[PDB]
Each structure stands twice: as structure tokens, then as C-alpha cells.
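Visitor: following this: a sequence and the matching experimental structure.
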Amino acid sequence: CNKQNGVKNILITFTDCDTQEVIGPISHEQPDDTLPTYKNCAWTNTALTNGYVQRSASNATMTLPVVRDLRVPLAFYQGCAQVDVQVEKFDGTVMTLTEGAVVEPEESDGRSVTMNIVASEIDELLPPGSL
Amino acid sequence: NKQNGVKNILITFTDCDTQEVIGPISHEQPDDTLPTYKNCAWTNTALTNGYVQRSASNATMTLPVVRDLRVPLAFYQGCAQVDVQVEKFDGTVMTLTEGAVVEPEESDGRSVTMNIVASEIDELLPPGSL
Amino acid sequence: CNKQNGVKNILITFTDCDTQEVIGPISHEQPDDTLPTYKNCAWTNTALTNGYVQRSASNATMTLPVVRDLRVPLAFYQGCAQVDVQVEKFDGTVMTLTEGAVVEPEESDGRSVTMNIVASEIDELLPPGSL
Amino acid sequence: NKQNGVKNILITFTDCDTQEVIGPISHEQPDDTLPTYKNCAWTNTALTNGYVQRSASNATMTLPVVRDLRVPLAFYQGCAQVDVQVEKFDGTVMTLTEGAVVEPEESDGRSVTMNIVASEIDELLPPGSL
Amino acid sequence: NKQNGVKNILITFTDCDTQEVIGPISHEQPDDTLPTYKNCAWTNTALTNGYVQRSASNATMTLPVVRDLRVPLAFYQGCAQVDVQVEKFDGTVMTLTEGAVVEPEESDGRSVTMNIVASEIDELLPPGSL
Amino acid sequence: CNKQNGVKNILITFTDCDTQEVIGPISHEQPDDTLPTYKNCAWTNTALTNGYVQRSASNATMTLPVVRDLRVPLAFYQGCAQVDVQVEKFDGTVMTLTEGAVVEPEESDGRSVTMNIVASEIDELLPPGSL
Amino acid sequence: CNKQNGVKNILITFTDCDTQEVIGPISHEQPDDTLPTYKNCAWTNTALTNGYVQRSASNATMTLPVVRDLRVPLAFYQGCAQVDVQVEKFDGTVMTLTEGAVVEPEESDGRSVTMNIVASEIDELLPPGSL
Amino acid sequence: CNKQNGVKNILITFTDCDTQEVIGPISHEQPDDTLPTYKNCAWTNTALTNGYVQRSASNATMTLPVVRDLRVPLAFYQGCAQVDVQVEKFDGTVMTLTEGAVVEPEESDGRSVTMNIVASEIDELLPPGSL
Amino acid sequence: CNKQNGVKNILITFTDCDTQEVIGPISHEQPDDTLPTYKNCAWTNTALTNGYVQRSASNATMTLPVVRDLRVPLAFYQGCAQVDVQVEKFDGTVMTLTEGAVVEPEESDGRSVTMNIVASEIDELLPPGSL
Amino acid sequence: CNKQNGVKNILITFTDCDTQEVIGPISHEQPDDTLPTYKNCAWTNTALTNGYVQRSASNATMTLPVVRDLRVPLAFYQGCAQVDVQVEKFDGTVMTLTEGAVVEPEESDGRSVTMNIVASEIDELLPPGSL
Amino acid sequence: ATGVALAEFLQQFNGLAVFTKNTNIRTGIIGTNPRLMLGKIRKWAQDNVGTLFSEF
């Protein structure tokens, strides 16, 4: 229920942007205790003087550490595919991301892959009762 | 009162693409770190032999809070203005208006550390001054 | 069984670019519990503004910490030779690399060496059942 | 006496806009670190073969003190001049007048760390010298 | 609104050969550099004893945008007249009509920098003026 | 409260060139950490042979970066109007300038404008204690 | 994914000016992350007084940094032969250039050559959906 | 202690060319770590072909970065007054200059002024032990 | 490994024009990682309007940074001698230059020199497999 | 070692052009890590069309940064006296220059001076083993 | 004549997408919002000084 910070379901859909197929959506598993970290505001601000702010256009990023699936090639998790990730938290919040793109893949040991997903915007669900 | 900490935190959200005003809603500390202030709106700089170059700057305020589940997370990361008001246990009250978040960081959806910039921060200075 | 993260075999073949002499493939041993790391996607993306990415060509790197063999010169592990690595994991996954080159040699004590291997591409075997 | 620590810390404030003088008010350390000093007003630089280039510089002072609730926080962050005097347990007295905080840092409202720059810093050198 | 930045960019293309009009299509900012303006249609020049020579000149606009894949790249490099309309976050609106691209640069096919020239550029001056 | 470098008040009065409407004196603020820069002596010298110098008539210039007021058109900050600027520094110095003209209008982003002000003479108030 | 910026195919056809020998179209590869830069407008404009602009004839240029092919002489990349470049981007854009000429050859180290190509006009493909 | 490179005293005497008022010698200070730079040889050479050189007359220039005195007008530092500079270094060297004149005034911020003094000749005191 | 960019051998032959004495061909060593740079095409093009190109005769140049030989006078590297330089790369390509001259000799410190060698033509060897 | 780059001795002899007083030779020391830099070839070359070169007379120059001696006036280091400079490197090379002249003096801070000496010819000692 | 000319100029907004007070224009749409319409109308009025309107 509420007052339980965590992740319940993670679903990813892979579309190879060379030969145009689709795989998924496949449920995944968390590799460790770290939770996905999010940024929904597509504008990045900067500190000018006298309380002024320079709004510069940027992305809606997403850091998603997951355990890779042995039925999916590792290259799909490191930028050679388009990802449609979709995550639900324990309190009912759902983050929906479509046409993602891994930007800065790092070395992976073959089991745990830390994504850096970048999309134009990220959707939020706001469990019932808002404003 | 010989106690250091925050008692009440109030944030008012003002949208920029729609101009909807939300608040002032209360919030809670996410961890043991306290909200941190900087009131003097001028940043000095060391020069040669005691001289100092006073350059215009901002009055900043770092504020970690637990986001309210009734508000979108984007409002906590610079897509809106904030009207923050913090009151400590010793009577001090800091008031901030027309503030914006400068450097949003990748948050997990529960705890957001605002880096709020503003022209001026007003201190209430519990009774007995100067 | 199945759920077992670790390497089972590591075969390295050394070829001298001067004399075209082939040594290997010699099985090797890990020095500690740090597993070898991979990067299969040959393209490195970059975060542009508002969902755009900058796909540029890059390498398929490989970090492989192994225990030196006493029958092979130390220079063969530090860029003075061409290495063909082939690592098999406990779950059946096989990483195949060929005509790699040690790009950044780091000073080693003479028993444990770490190799930053750069190759055109890396083949993954994906134990039975895929896509 | 062989006891390293501070005994008295006096700070006099002078606003940079109203020219109102406050102090000298005694103060207390927030934690176990001590103020750090730099009396020499010239900074040397390494040259080739044992030579040094003497360039004019400042006398600095790092002063962590507890904020006084009767004084605005902005006075501790560079909006006012400071006249600091610190007496150690062994008789040493450091006198600094007409200072200026150069690099204000974010503070929680109780403990502040001053980076004070002045033309010179005096030392009283308990009896028996040179 | 204390937020410096652009909110909408509208461009209308008029091909100089076929006299076909396309737009006004909204556009997208490529990076953190904001559009840059110059409204005064006269260029001054320093003279002696404080005198200044006023020479007639043109109103310019440096507008970096992301090209639209439904519009040929030649339209952004001087093959069409442009009717640009930019609205800032604080309510200011810059209106430009019958523009022209003067010094096209070698563009990579995604982001183009438009050096636009017009007789005069309008300003909307959000409410409250003079 | 000497020993500090910076400006305290910036007063600018705009006089239109064609309508002759006087606006001000309005206070302004710095856009960044760069201080306004002055040049009082209205004669520019030059180097000749053996220590001789030729005095040529010139202007008392003043470079002044300010944040534009939202109640004043941007064209007023780029040479379409006269300016009567007056700046007070933290150490008591006041620069008084009348009948100034902006010579080189540099393109501005709509918030911060850098002025290159040229006038016949700039007067220094020279805080008490002189010669 | 129509959100990726980069090149996919680069075809170059060399034609000898004297012997009329045709070689190509040979695919090529980028040396680094710098994309080819384009100019499809055959007219170079010039700023004049009061919004007027002078139209002067110019060329459709193209800067193309590529890695040379070891089967083609280096002199072919530096103005001794014709080039018919055809670049395909990731989003479907195709720029076709024929009868180009390398105008300003630059000192190249035998692997990476930056070609400044000048032609009468360049044709763009505009992936489906136009105007 | 010797073996120290730096300036010890700077004395400047002002003589306005309009009212013939003499002020000084007032001591000054460095604004930063840069040292005054000198050129004593009053003749300037210029390379000719095969060892020959053309000898022509020039000045004995001097660059003097100082902090202006708040009791002296800023215009006195920018060519409206004659200067009689006299700088003593830590190693005992004294460079005396008389009847100088700033030639290339540069806009200053009201604290630090860089003065390009030009004089007929510069005297050097050459601490004891000569030739 | 065939995928290797570098220089294998550098041979330079000096021919003094005054006495017609030939020294070499001595082998040389690079001072740093900057490879020799070539320009083979003997014609230089210039951009004209609307696709036209003005073709004019020019030179075939080469930039060669090497380490001087302690048995050879430094003047031989700065244009007092005729050079016969021949460079072999790791990929098999050979650059042969004969009857060259150093045009613009920059001053050198006595260990590393950079030659701007000019010649009528430069020969390419193109390891087996051409056109 | 025989593998070392650096200077070992630098002697400069000053001759006054007015009173014919000779001073030196006096050893000098480097002010930084920059070595004296040489140009020995007395002729300069100019690139022409198709391999041709135009030979014209030039000078044998040298750049020499040294720490001035406190017993020698600074004017002697800036072109008001003859210089007979002589530098010996660690590997045995000795460059001799006589009857030199300083062409373009620069503003020195009073400790370190950078000479640009132009002379008819520079002699090289060329340690044993030549041609 | 001024009414007819203004009807001429305003005809371009027929069928055009309009984004009201609620939000702004996204990328790729050919819409507009009241502030841009007001600015364009002001530009059109300013460009006709001397033939239809007074100075101002």
C-alpha cells in the first residue's frame, strides 16, 4: 500500500532500429536496492543573477538499473535498440516512456545493466486523488 | 529554544504554461539533513590586499522535502514557480517568493532536493533583535 | 544452477603482428571476483536536446582482468600482440572477440594484468531460447 | 599552559547599507574545529633554482561560529563588515578590523563558517617574545 | 516572470521562386543558446568630442532552431522569405515580417542558425510600460 | 564601508530622438559579475619617437552592462534614444554622464544589454578627501 | 526510431578527369563524430541597409570528413578526380551530389580526409511526408 | 633576504598639463600578481638581410599596473596628467622615470589601472656590484 | 593486426647542392604522436560561382616532424640541403618524395624539427589490391 | 646518460657600441623549461608553382630566454649592446654566435629576458661522429 | 476602406488552430495563441502608418 517506496513492475519493449521488429513487453527484475531515478521537467534551468533563471530546452531522462533477460541480446540494452519502458511503483504511480534511447552505455558484467534512457517527455499517473 | 530543526514547511506551486496556483501545502523532511539558507544576495570575491569585489548574485535555498502524492513530480523540478516558507523550532521564519529550481537532479519519486533561487529571502528573527 | 553469475572459461590467443606466430588458445584464470565487462553496441549515442540522440561510430570494448601465464611474455598482455579472447559464462552465454587490440596498457605487477580490449564487434551466443 | 583552543570570540558588525554598528557580541564555536589563520600578507611562488616571486596578497581568517539569534543571518554572509577578535587559551590575541566575508557558503541557520579577508591581522604574543 | 527563455517559435516560409507560402509552423530550440535581437534600425559610430554618426542600418535576428523534416533545408539558408514570431516566457513577443537570411552557414542537417534581417522588428512589451 | 569594489546604484534616463519623451531616472541592476568600466580622460594619446606624444581629441567612454527594464522598449538600449546615466560605487565614487549615445549596438538576448556609452565628459564625485 | 542524428551510408564515386575511369560507388566510414555539413542554397546573400539584401550567385557546398579507402589513391580525395557523393542519414534523409569538385585540399595524414566539395546543386529526399 | 622577485615601493608624482598642479609622490600598490615590465634601450632594431640591422630611434616604454588612489581623480591615470614614476624592486634595483605620459589609455573599472608610460629614457640604479 | 595507423620506417637522404655530396638514407624517429602529413594532388582548385572550378598548377607538399640525427648538421634540416624522404606506414602504404626542398623553416630547439617539404610529385604505393 | 635533452652552459659576452667596453663571458641560467631555439640555414626558401623554389638571402636567428645578471644593465639585454652568445647542450652540441644583434626587444619584468638575436651565421660543433 | 483592409488582413486566421489561455503550442503544429495574434495585428497596424491610420 502507501508509505512503501519501491518498484512493483518494470516492462520494456525492444524495437531494433535496423531491421524493424518488436520484442516485448517483457517484465524485468531489479538488480540491487537502488531505485530508478527520474526527471520529468523537460527544461533545465540555470542560476543567473538577481534571482533570474535561463530556461534552456533539455530532455526528460531516466536511470533504470535492471537485470538483463537471457532471451534478449545484451546489445539491445546498450543503445542498439529503441526501448519503450513502463514502470509502476508500489503506491500506484506509473511512469510511461516511449521511443527511448540509451545515450551513454557503460561496461556491464553480463547480468546487470544500468540504462540511461532519454525521451522527449515522461508520463505520470498520479494515483487516485490529485490536486 | 536550544533546538535546531524545521517545524513547518509550506510550498505554493505556480505553473508557467497554465498559471494554476496550488498551495500552500505542507511537507515533511525526507532525511536528517536540514534545509540550508543563503540570504546575502551579493557574492564577494577575494582581491589583493584586503580589497573585495562585490558582484551581484542570488539568495539561494536548498530544501529537501518529501513530494506530495497529489502533485506531479515535474512541479518539483523547475517546471513551476515555488513560494516556500520555512519555520524553525527557535522561532525563525524564512519567506521566499518568485523562486525557481535551478539544477533539478534525478529523483526517485519520493524525496526531491530543491535548489531554489530567489531575489531575496526574509528572516523573521524571533523577538529580541539587535 | 541457472542463477549463477560468473565466468567458466577464458581462452586467449596471441598473434604477433610482426612474425605472424600464433600462441593459444590458452585457458586463463581470474585474479579476483571482479567479472569481465562488455560493450556490444558499436555505436555510442549522445544526449541532444529534447529526445534527439547523436549516433556516431565507436568500438566494442572489453575489460578483461586475468592472471598472467608464465609461458607468455608480459608484453603480449600490454599491446605488443594481437589478442583473440573468448569467454564463456556459467549460464551458457559465450562472448567471442577476434582481432582485438590492447589500447590502454596499465602497469602490472607481473601476475595480474587488466586488458582494455577494442574490437570491431563482439558475438554473443545467447543460450538456447531467444527472442 | 598547553591547552589549544579559543576562549573569547568577539565580532562587531557594520551594515553595508545603513552603516549601523552592532557589537562587539561574544560568540561560541559550533563544533570541535578551531579558527585557522594566515598572518603573512605576501604570497611566494616557486621559481627556478631557489627563487621566489613575492606577490602582494591578503591575511585570511576561517572562523566557524554559532549564529546569534539577535543578529540577521545576512550579517554573517557578507552583507556587513566584521571586526573580529579571538583570544586563545595560551594568551594569544588575534585582532582583525574592517574585514569582509569573501566566499559565503550555504548555512542551516545555526552554524556559519566565515572566510574573512583583511589587510593585516595583529598578534598579541603572550609575554616573552623573540 | 524572472524566467529568461523562449516558449514558442513560429516561422512562415515563402518560396522566392514559386511564391508558395508554408506555415506558420512551430519550431524547436536546438541548444541552450537563446535567440538574440537587435531592434534599433540605426547603427551608430564613435566620433570625437562625444559626437556620434548615425548611419541607416537594418534590424537583425540570430535565431537558432531545429529544422522540420517536412521543410526542405534550402528554406532555412536563403531560398525563402521568413516570417518569424518568437514569444518569451515573460510575455514579450518579437514579430518579424518579410525577413531574409544573409550569411548561411554549413549546417549538419538537423540544427540551423538563421541570421535574419528585416526593416524593423516589433516588440509586444507585456502589460505595464513606460 | 570602503575596501569593497562594486556598484550600488545605476540610474539611467532615456530621451527619445524623434518623439522627445523623457523617461527616468530608473534604477537598474547588473546582469553578471562584470563591473561597469569607465574612461574619463577625453584625449587619446599616441606614441612617437623619443618620448614625444601626440594628443588627439577623443571621448570619455563608459561600458555599462545592465539588465533591461521590462517597462522600456529594447530599442532604447541599442541607440534609438539618448541616455543620461549615473553610477554610484560602494566606496562613494559617482560617475555622472549627460547626453550620451550608444555607439556599437551589440545583439542582445532580450534580458541583458551591454552599453558602449560615449559622451563629451564624465565627472567624478571623488568621495571626501582629495589631492 | 526517427529520433537519431547521424549518417548511415556514404557512397562516393571517383571519375578520373583524363582517362574517364569510373570507380565506385564505394561505401565509406566516418573517422570521428563530426557529421557532414551541408548547404543546399545556391545563392549567398549579403546584409544591406534597411532590410534590403543582395542576392549573389554561389555554390551548393558540402564538407565530408571520411576515412580513405586503401584501394583508392589518396590523390583521388584531394582534387585530382570527380566525386559523386551520396549520404543517407538515420532518419531517411538522402543528399545526392554529382559532378562535384574538391576545391581546397587540406594536408591529410593518409587515413582521414576532410573533403570540401563544391557542386552546382544538391538534391534532398525528405522522408515521406512533405510540406 | 635576496633572491626575491617583486616590487617593494612605487612612487608616482602627478603634474596636470592644464592647471600645472603637482601632487605626490604618492605611494601605490599592485592590483594583482603581475609585475611592471620595462624597456630601457632607447633604440629599436629591425632585422635586415645577412646579419645587417637597421638602427632607428624609439622610446623607453613602461607598463605599470597599480591600484588608483581614492584621493586622486581617475582621469589623472589615463593621459590627462604627467607622471613621474619610481619603482624599487626587492633586489635593490631602482628604475627612475621622469616626465612620462600615458599613451594608450584603457578603460578601467575604478580600482585597477594599467598605465603604459612612455618617456625619453629610464634610469636604472643597478644594486651594488656593477659590470 | 592490419587495423593500425602509424609510421613504420622513415628514411631521409641529404644532398648538399654546393658540393654534391649525398648522405643517407638514414633512418629517423618520431618525436611525438603526430604523424607525417601529405598532399598528393598536384593541382589546386578554387571555388567559383555555380559549380565552376578554376584549376591551376601547384605543388605536392608534405609535413614531416622527426628527430634530428646527431651525426647530421642542423642546417641540413632547415633548407640548406636537398632532401630525399621516404615514409612507410603500418598498413603498407609507402610515400616516396624525391628532389624536395624545405620552404619555410621554423626555428628548432636542436632535437625535434618539422620540415615543410615541397616537390613536383609524390608517389603512392597502395598495398596490394587497387582500384 | 647519453639520452638527455637540455642545456648545460650559456655564455653571453656584451660589447658596448659607444665606448667599446667588453664584458664577459658570463654564465647564464634558464628562467623556465623552454630551451633556446635555433635557425641555422642562412638562406630562406619560397614556395613556387610545380616544385620550384626561390632562394633569397636571410639571417641565422636564435631565440634565447635567460635570467638577466644583476651585475649587467637591463639595456644590454634589449639591443643597446653587442652579444656574443654561446650555448652548449647536454649531448655535446655547441652553437656559437658572434657579433649578434637583438632585433625586437620586449617588455621584461626585470628578471627574465627573451632575446631574438640575428647574426650572419651560426656555427655548430656537432659532437664526434659526423655525416 | 480601413475596415475592408482589416478584414483582408484578418482572413488568414480562418480555420487556423488556436491555443487558448490553457497551454501553449507544441512542436510541428501550425497553431497560434492570442498573444502572437495580437503582436501580428500590432505589426500590421504599425506598417500602415501614413496611409490608413494616424502616427499613433
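Guide: Arrived safely. Residues are numbered from 1 along each chain as shown, chains lettered A, B, ... in the order given.
Visitor: how much space between the closest residue to residue A:48 other than its chain neighbours and residue E:4?
Guide: Leaving aside its sequence neighbours, residue A:48 sits nearest to residue A:54 (Cβ to Cβ, 6 or more residues apart in numbering or on different chains; 5.6 Å). Bear in mind the C-beta positions are built from the backbone N, C-alpha and C, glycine included. Look at residue A:54 and residue E:4: by Cβ to Cβ, to the nearest Å, they are 5 Å apart.
Visitor: more neighbours: the two, which one.
Guide: Set residue A:54 next to residue E:4 and count neighbours by other Cβ atoms under 10 Å in any protein chain shown: residue E:4 wins out with 22 against 19.
Visitor: contacts only, for residue 52.
Guide: Chain wasn't specified; assuming chain A. By Cβ atoms under 8 Å, 6 or more residues apart in numbering or on different chains, the residues touching residue A:52 are B:58, E:2, E:3, E:4, F:67, F:111.
Visitor: ah, I was thinking of chain K
Guide: With contact taken as Cβ under 8 Å, 6+ apart, residue K:52 is in contact with K:1, K:2, K:5.
Visitor: then residue A:83?
Guide: Neighbours of residue A:83 in contact, by Cβ under 8 Å, 6+ apart: A:12, A:13, A:14, A:76, A:97, A:100, A:101, A:102, A:115, A:117.
Visitor: for the residue in chain A that chain I sits nearest to, give its distance to chain G.
Guide: Across chain A, the shortest distance to chain I (Cβ to the nearest Cβ) belongs to residue A:75, at 21.0 Å. Relative to chain G, residue A:75 is positioned 15 Å away (Cβ to the nearest Cβ, to the nearest Å).
Visitor: what's the nearest residue to that residue once chain neighbours are set aside sitting at in phi/psi?
Guide: Of all residues not flanking residue A:75 in the chain, residue C:40 sits nearest, at 3.7 Å (Cβ to Cβ, 6+ apart). Backbone dihedrals for residue C:40, given as degrees, to the nearest 10, come out at phi -80, psi -40.
Visitor: please apply the same query to residue K:26.
Guide: According to degrees, to the nearest 10, residue K:26 has phi -80, psi -170.
Visitor: ok, it - how many residues close by?
Guide: 11.
Visitor: still on that earlier bit, out of the contacts of residue A:52, who's nearest residue K:25?
Guide: residue E:3 (17.6 Å; Cβ to Cβ).
Visitor: against residue I:131, how distant is the closest one?
Guide: 61 Å.
Visitor: my read: the residue of chain A closest to chain I touches residue A:81, true?
Guide: Yes. Using Cβ atoms under 8 Å, residue A:75 is in contact with residue A:81, at 7.4 Å.
Visitor: got a list of what the one residue in chain K that gets nearest to chain E touches?
Guide: Proximity of chain K to chain E (Cβ to the nearest Cβ) peaks at residue K:39, 4.1 Å away. Going by Cβ under 8 Å, 6+ apart, residue K:39 touches E:85, E:87, E:93, E:94, E:95, E:122, E:124.
Visitor: ok so, going back, looking at the contacts of residue A:83, spot the one nearest chain E.
Guide: Distances from chain E to the contacts of residue A:83, taken by Cβ to the nearest Cβ, are shortest for residue A:101, at 14.8 Å.
Visitor: chain B contacts on chain A?
Guide: A:2, A:5, A:35-53, A:55, A:61, A:63, A:89, A:91, A:93, A:95, A:124, A:126-127, A:129-131 (Cβ under 8 Å from any Cβ of the partner chain).
Visitor: okay, the contacts of residue K:52 in JSON lines with neighbour count, distance to residue K:15 and secondary structure next?
Guide: Putting these into JSON lines (neighbours: other Cβ atoms under 10 Å in any protein chain shown; distance: Cβ to Cβ, whole Å; DSSP: H, G, I helix; E, B strand; the rest coil) gives the following:
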{"residue": "K:1", "neighbour count": "7", "distance to residue K:15": "26", "secondary structure": "coil"}
{"residue": "K:2", "neighbour count": "11", "distance to residue K:15": "24", "secondary structure": "helix"}
{"residue": "K:5", "neighbour count": "13", "distance to residue K:15": "21", "secondary structure": "helix"}
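Visitor: any chance of these in CSV with distance to chain J as columns?
Guide: Formatted as CSV, those follow (distance: Cβ to the nearest Cβ, whole Å):
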residue, distance to chain J
K:1, 70
K:2, 70
K:5, 66
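Visitor: contact residues of chain K facing chain B?
Guide: Close to chain B, as judged by Cβ under 8 Å from any Cβ, chain K has residues K:21, K:22, K:23, K:24.
Visitor: mark which of those are buried, thanks.
Guide: residue K:24 (16 or more other Cβ atoms under 10 Å in any protein chain shown).
Visitor: so which residues of chain A form strands?
Guide: Along chain A, the segments classed as strands by DSSP state E run A:7-15, A:23-27, A:37-38, A:43-44, A:53-54, A:56-57, A:60-67, A:82-89, A:94-96, A:112-119.
Visitor: next, find the distance separating the residue in chain K positioned nearest to chain D from chain F.
Guide: In chain K, the residue that lies nearest chain D is residue K:24 (34.5 Å; Cβ to the nearest Cβ). As judged by Cβ to the nearest Cβ, residue K:24 and chain F stand 18 Å apart.
Visitor: repeat for residue A:115
Guide: Counting by Cβ to the nearest Cβ, the separation of residue A:115 from chain F is 36 Å.
Visitor: over to residue A:64?
Guide: 36 Å.
Visitor: isn't that residue up against residue A:35?
Guide: No. Counting by Cβ under 8 Å, residue A:64 sits too far from residue A:35 to count as a contact (9.8 Å).
Visitor: picking up where we left off before, the strands of chain A: which one's closest to residue K:13?
Guide: Nearest to residue K:13 among the strands of chain A is strand A:56-57 (27.8 Å), distances taken as Cβ to Cβ.
Visitor: the closest one pairs with which strands?
Guide: strand A:43-44 (antiparallel) (DSSP bridges).
Visitor: contacting residues around the partner strand?
Guide: A:55, A:56, A:57, A:58, B:78, B:79, B:103, B:104, E:5, E:32.
Visitor: and the two most separated of those residues?
Guide: Pairwise across the contacts of strand A:43-44, and taking Cβ to Cβ, the largest span is found between B:79 and E:32, at 16.7 Å.
Visitor: got the phi/psi numbers for the residue of chain A positioned farthest from its centre?
Guide: Relative to the C-alpha centroid of chain A, counting by Cα atoms, centre = their mean, residue A:50 is the outermost residue, at 35.4 Å. When read as degrees, to the nearest 10, the backbone of residue A:50 gives phi 60, psi 40.
Visitor: then residue A:127?
Guide: phi -50, psi 160.
Visitor: tell me the contacts of it?
Guide: Counted by Cβ under 8 Å, 6+ apart, residue A:127 has contacts A:91, A:92, A:93, B:69.
Visitor: tell me who's in contact with the nearest residue to it once chain neighbours are set aside.
Guide: For residue A:127, ignoring the flanking residues on the chain, the nearest one in space by Cβ to Cβ, 6+ apart is residue A:92 at 3.1 Å. For residue A:92, the contact set (Cβ under 8 Å, 6+ apart) comprises A:125, A:127, A:128.
Visitor: which residue is the nearest non-sequential neighbour of the one residue in chain K that gets nearest to chain C?
Guide: Residue nearest to chain C within chain K (Cβ to the nearest Cβ): residue K:27, separated by 8.1 Å. Leaving aside its chain neighbours, residue K:27 sits nearest to residue E:28 (4.8 Å; criterion: Cβ to Cβ, 6+ apart).
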